[PDB]
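Residue numbers (the deposited numbering), protein chains in the order written: chain BW, 1 to 67; chain Bf, 2 to 51; chain BU, 1 to 120; chain BC, 52 to 255; chain BT, 1 to 86.
Ideal Cβ positions, reconstructed from N, Cα and C, are used throughout, including at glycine.
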Amino acid sequence: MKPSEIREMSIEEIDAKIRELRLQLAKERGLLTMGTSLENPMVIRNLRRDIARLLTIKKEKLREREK
Amino acid sequence: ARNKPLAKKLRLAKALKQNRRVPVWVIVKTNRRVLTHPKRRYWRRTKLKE
Amino acid sequence: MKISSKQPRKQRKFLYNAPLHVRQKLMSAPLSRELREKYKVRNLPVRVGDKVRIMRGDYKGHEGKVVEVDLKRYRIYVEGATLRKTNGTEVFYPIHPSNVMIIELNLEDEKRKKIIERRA
Amino acid sequence: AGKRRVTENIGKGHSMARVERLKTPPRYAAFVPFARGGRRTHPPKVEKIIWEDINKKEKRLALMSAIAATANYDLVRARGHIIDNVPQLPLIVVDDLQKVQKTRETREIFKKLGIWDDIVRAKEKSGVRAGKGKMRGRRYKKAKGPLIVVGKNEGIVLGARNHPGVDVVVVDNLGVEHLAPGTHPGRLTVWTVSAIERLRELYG
Amino acid sequence: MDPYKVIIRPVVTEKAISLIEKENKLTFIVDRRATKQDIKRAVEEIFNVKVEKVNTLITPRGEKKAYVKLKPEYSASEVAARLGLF
RNA sequence: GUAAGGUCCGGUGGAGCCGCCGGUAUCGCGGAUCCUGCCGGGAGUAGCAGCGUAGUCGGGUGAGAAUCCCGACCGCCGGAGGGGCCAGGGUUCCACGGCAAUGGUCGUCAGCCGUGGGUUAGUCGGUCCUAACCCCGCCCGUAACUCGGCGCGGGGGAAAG
RNA sequence: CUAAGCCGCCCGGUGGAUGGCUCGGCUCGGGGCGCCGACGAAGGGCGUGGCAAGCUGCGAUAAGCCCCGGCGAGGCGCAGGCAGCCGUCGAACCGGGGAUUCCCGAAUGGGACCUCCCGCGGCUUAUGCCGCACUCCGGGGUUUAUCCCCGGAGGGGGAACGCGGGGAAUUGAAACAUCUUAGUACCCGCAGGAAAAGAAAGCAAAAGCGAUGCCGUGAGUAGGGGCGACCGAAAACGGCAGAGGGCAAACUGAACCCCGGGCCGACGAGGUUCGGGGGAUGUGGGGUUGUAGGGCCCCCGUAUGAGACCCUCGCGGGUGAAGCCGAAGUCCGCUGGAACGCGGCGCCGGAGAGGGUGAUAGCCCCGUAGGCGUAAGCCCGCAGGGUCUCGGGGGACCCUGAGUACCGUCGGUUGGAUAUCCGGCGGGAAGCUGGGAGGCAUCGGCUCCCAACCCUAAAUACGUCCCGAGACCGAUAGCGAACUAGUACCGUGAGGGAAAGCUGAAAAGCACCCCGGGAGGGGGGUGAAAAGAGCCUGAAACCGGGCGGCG
């Protein structure tokens, strides 16, 4: 997920996306120990960095709105 | 001991996690130059700093 | 684009620990006579698509496309320059880019064209 | 160096020499000139005096002698220089040599004057030396060639800088080591009219 | 603690699997700085279920584990299948 | 070559090296009960007894069994070698798979090596109170202090009270 | 055809010397750069990678997140693997600017036998937020309890250098007490990128100089010293750099300063208005010095002119991150696994410094000689808008620093010797019709100066760091550390502290076959060479076998 599309969406659905991504991160972390048939080992890293991106642009939007 | 404080327990847990062998994939990636680390420990022989 | 020191220790340290944007420039190779006349340039960094002729080594005089470029080891792979393992599989021979010559350019990149125009 | 290790001496009463040793196992010997990892008995010191003084008049006399020896046929050839085709020693050239700015032009002028062979031999003699100087940045042991002395610098330094073994100087900065590299006098030299005039004004 | 920042990962061990089917109980590895109230709120809000009891402990490896008992009206097996534990 | 030592031939090695002139130096090894590393005779020797002298017979697993497992017989402790549990230790706990090294012998066994697991509290302890005692603030002394100290105010101090 | 045993050579094992290499050390003239912290530092604990133990980096956004520029096709640290994903919508990487930034720690709302716990007020619907430490400064309210509120300070850290105090002994004197070691080691306190000093109550005597500091020299001199051992300066002269200013007082007397609002001005300089806190126990103006200076009074003469400084709503220029350009052979024949080698033929050169590339390369590549570009920032100029400064002669009146200068005595310190400096105790002036110094004291002459209040750039010291260099060492050397080193490990603690570099050009890192429980062995392959990972070379001591001599 890229910042150009992140900036299109508002803060509310940014929060919703963060929630969903955290759910998925927990589920994938569980599956990691459950089974070894992991097609994509990098999913956890990609999800973590996507969540970090969402939080960063969320705070940027907050600063813009406050200013 | 039966009764422990949380901070000491956490430090002991960190040491326990530290005490393990080098990964075999690390050995093959490094071409057998890295075969051990200085934190290996035997409970009855080498005692924790705490 | 600056190495002032004449001390071998410092020169070798710079070579070993050069950042990636410098390792990128350290992969230059000379162009053939035809390409040199056409583009008014003496050399360029090698790209995968470029067709390359080997001037030194066991495969001297062999022409082939570049398949892989590794900046960390300062090496490249050219199709046809291969060794045979004991089992029987073919593996590529790493060749320094300074030992080969460029005879065709994968010049679809606007930034590579910018390099050519800047250096002309 | 070597004086950082804390040590104690056991003393007598044990079957080994009275030496200073560490306080923790394996209790190696330390801080002793004849002990591994210890201090050096008499190491090099920065305070040592290396500068050597030379009287001004004595140095002037040495410079005179070197300049005179420059025009000695026997010494020049005995120093190894190729002066077979040189027209005359000392070789005085017109002042126009000072304005040469291109190395190709300098090469052609030197070929005409007959000192190109000396540059060729200097290049041939230059090579890789033996020892740790290669580790320290002294891989090559280059040779010396013709020395150009000019009254003024109008571009000759830039036009003749690159030739192997060639040094170009102004007569005001001339030196004994310029005239006699490696303590052996009789270097092949090319003087100009202005340089000779200034040398006459100086008488030394 | 934010309801979506307490759970780190489900537990998929033999003991956890047996408990899921026998005692209507889920097992999570959660943030060590999470209290029982936080764990209860997180589980209820995330999974739209009602939780009866929470028992927490700290493993010898420094992590925090939580056994959460669901009310009889809700089946832990359904949530386990939802999460893919099976 | 009186010599310190130089040079040459045969072999290994795979990238540097020397003659001469002039300078410079952490410049020359047999000893210091010298320092560091490596290896010898002692030696296939002592030790593997003394304070509790314990094993034998059938069967099993296994490439391999005095040493591991099951049954019987014979023995030791039995106011402790049995049961519960602080301090200390910190994974030594459990299962499976193993024997290059560790185990005073062997070992298929293990507090050993590999893999995966395991500690659930309103009631049990800490958390509350204070005892001997200790700490901070004001105050006095000190050239000064992280130093010594009476008085006043606040706080801590027991996992067997 | 000698059992044991001894010597010599060859082969093999053990071992890790020697030789070669070097991304590491060490030392340097010059150059650059020098602080961080309550807006929470240094240091530490714990976490963080798909496989992840050490180191490194990061912090629940956790080998990373965002934006503006360079670079131009690869990238995912030390670290050669599996599997995946990231990148042309420009990554990785580099310079600049932001975001997140757990706990302890000056640690600070209150506690620490465990870097973890327990509270009080306001906002918040609730998820959750902002305050609450001590010692002070400038204010307010009131509960007059320092009770509450507002604004602002200090604490801790830093390799060496700096400033102010406290202050030994071994040792030397061939013993030892004055002395020396020594104002040293160490301790306490206080700052900065430098600190301290600094503008004459000074030095000097035919003449004079004209703030301070550092360098050469004066000089082992004057001088101190059981006049023993030993200790020990300054002035002058030659250089680096050069810079001088402000109070107290006389006199005037609220004409004044700070904080928070408003306007004119341009958002700035400057000008102005209101509220609050200071201020007659004196804000502001004035004034700062010696054969005297200033005030005040009198007289003469000016400004109509000449400076100096402040600001940028604006414009031009210089410098300034990553960075960009930068000549010439990869020509023929041999040796070779591989040409950087040998022979032949050419070329550039303001470029023949150095390095890499399968051998030793000016022309293969990177670089070099020489040039170019650069956001923010900094500096100069133009234009415009403001503030402030600017002369001499007389006096008869006024001011010019107090437990201070200085004397006696005691301890310390000093070369300071009856003649250094600091401090304690008792005593203690003149103060402009005045006072101090000139190496014992006093009297007279002469010369120099004006304390008892404050500030001051450059020349100077150091290097936790960086650029550059080396008749320095070359893995028992060089820093203790060339590497997961201040690491492992030792001691309750203060503290102590190692060993350990190298396959090959390329893993091409030995496919398949026989045997063995396995480790491995023998064939057969790879490679120029096993150099076979127990990997460059492979010595000595030691051990096994073969051979020659003795037995």
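For residue i, return the contacting residues in chain Bf, with the cut-off set at a CB-CB distance below 9 Å.
i: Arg9(BT); result: Neighbours of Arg9(BT) on chain Bf: none; closest Cβ ~17 Å, over 9 Å.
Whole angstroms are fine: how far does the CA of residue j sit from the CA of residue i?
i: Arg7(BW); j: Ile57(BW); result: 7 Å
i: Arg212(BC); j: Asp218(BC); result: 7 Å
i: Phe86(BT); j: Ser77(BT); result: 8 Å
i: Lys27(BW); j: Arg21(Bf); result: 28 Å
i: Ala80(BC); j: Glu71(BC); result: 6 Å
i: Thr13(BT); j: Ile7(BT); result: 17 Å
i: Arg47(BU); j: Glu68(BU); result: 8 Å
i: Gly88(BC); j: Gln24(BU); result: 44 Å
i: residue 268(BC); j: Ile160(BC); result: In this structure chain BC extends from 52 to 255, so residue 268(BC) is not present and cannot be described.
i: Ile18(BW); j: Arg61(BT); result: 29 Å
i: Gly62(BC); j: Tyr43(Bf); result: 37 Å
i: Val29(Bf); j: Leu38(BW); result: 23 Å
i: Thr86(BU); j: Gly80(BU); result: 18 Å
i: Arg111(BC); j: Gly255(BC); result: 7 Å
i: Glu12(BW); j: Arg33(BT); result: 27 Å
i: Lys150(BC); j: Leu140(BC); result: 23 Å
i: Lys40(Bf); j: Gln19(Bf); result: 7 Å
i: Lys71(BT); j: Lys36(BT); result: 16 Å
i: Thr240(BC); j: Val137(BC); result: 11 Å
i: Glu34(BU); j: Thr82(BU); result: 28 Å
Below 7 Å on C-beta distance, what does residue i contact in chain BC?
i: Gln7(BU); result: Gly188
If contacts are defined as beta-carbon pairs under 8 Å, then residue i and residue j qualify, I think. What distance do you get, rounded to the angstrom?
i: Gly196(BC); j: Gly210(BC); result: Going by Cβ atoms, the distance from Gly196(BC) to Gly210(BC) rounds to 15 Å, so no, they are not a contact pair.
i: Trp242(BC); j: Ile143(BC); result: 5 Å
i: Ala80(BT); j: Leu26(BT); result: 7 Å
i: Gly237(BC); j: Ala120(BC); result: 6 Å
Is the separation between the beta-carbon of residue i and that of residue j shorter than 9 Å?
i: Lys53(BT); j: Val68(BT); result: yes
i: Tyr59(BU); j: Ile95(BU); result: yes
i: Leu148(BC); j: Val201(BC); result: yes
i: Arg41(BT); j: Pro3(BT); result: yes
i: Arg53(BU); j: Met101(BU); result: yes
i: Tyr93(BU); j: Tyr74(BU); result: no
i: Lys54(BC); j: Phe85(BC); result: no
i: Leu31(BU); j: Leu44(BU); result: yes
i: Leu253(BC); j: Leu230(BC); result: no
i: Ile58(BT); j: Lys10(Bf); result: yes
i: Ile44(BW); j: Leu55(BW); result: no
Since residue i meets chain BT, which of its residues come closer than 9 Å, beta carbon to beta carbon?
i: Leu11(Bf); result: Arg32, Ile58, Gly62
i: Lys18(Bf); result: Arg61, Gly62
i: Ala14(Bf); result: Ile58, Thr59, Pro60, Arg61, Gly62, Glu63
Quick check on the burial criterion: 16 or more other C-beta atoms within 10 angstroms. Buried or exposed for residue i?
i: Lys108(BC); result: exposed
i: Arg22(BW); result: buried
i: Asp223(BC); result: exposed
i: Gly30(BW); result: buried
i: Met42(BW); result: exposed
i: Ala117(BC); result: buried
i: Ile100(BC); result: exposed
i: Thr157(BC); result: buried
i: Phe14(BU); result: exposed
Against residue i, what residues of chain BW qualify as contacts under a CB-to-CB distance less than 8 Å, listed in chain order?
i: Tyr4(BT); result: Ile18, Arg19, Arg22, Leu23
i: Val12(BT); result: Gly30, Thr33, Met34
Who are the neighbours of residue i on chain BT, taking C-beta pairs under 7 Å?
i: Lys27(BW); result: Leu83, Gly84
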